[PDB]
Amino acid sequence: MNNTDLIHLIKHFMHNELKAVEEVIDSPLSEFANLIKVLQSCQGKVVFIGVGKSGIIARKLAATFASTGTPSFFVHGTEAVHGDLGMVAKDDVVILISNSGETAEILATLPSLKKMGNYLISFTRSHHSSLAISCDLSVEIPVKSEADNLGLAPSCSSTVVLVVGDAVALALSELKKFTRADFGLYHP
């Protein structure tokens, strides 16, 4: 493939991701106000749980929440069922990220988390997913397709969830009057 065509091929995939983000910005995001309110009410930490590429985005979002004034950390969904559920205590709020809302490893956390009693939020592509049905607040982040021809590689979905989560973090940060001086304290 010549240089100009290589460049168009790269821009094709970038553009697919751009479209997926646009689809979400153009959507009503009705439950986002309730999402903000639940997060504002959290008296403990916001614990993000995921596996695979969702889990890597969950790690980014925990770090972004923390760096902008909302204490948060990440627990991997498999490590959770091998003891790390012990990191989650009564006042913590749990956000579980799974694009399908069917990932076996993430659903495996749910019986214990129901016993533990924490407020559970899901980020999935469907309110009808197993995970979403089991959570207290389902946030639906619709993703039509992935960017690859096969539609198999998390690309559109991982990027959309990152943009959505970043915007949530920044709205909470602005709402709580997080300052440059607070930012410097956590970023020496």
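We number the residues from 1 along the sequence you see.
Taking only CA atoms, the mean B-factor in the PDB entry is higher for 22-30 than for the other of 22-30 and 127-135. Of the two segments examined, 101-109 and 73-81, it is 101-109 that shows the higher average Cα temperature factor in the deposited entry. The PDB entry gives the largest Cα B-factor of the residues 68, 149, 159, 122 to 149. In the PDB entry, the Cα temperature factor peaks, among 144, 60, 45, 53, at 144. Residue 49: CA B factor in the lowest third of modelled residues in this chain (values from the PDB entry). In the deposited entry, the Cα temperature factor of residue 175 places it in the highest third of its chain's modelled residues. Among all modelled residues in its chain, residue 14 ranks in the middle third by Cα B-factor.
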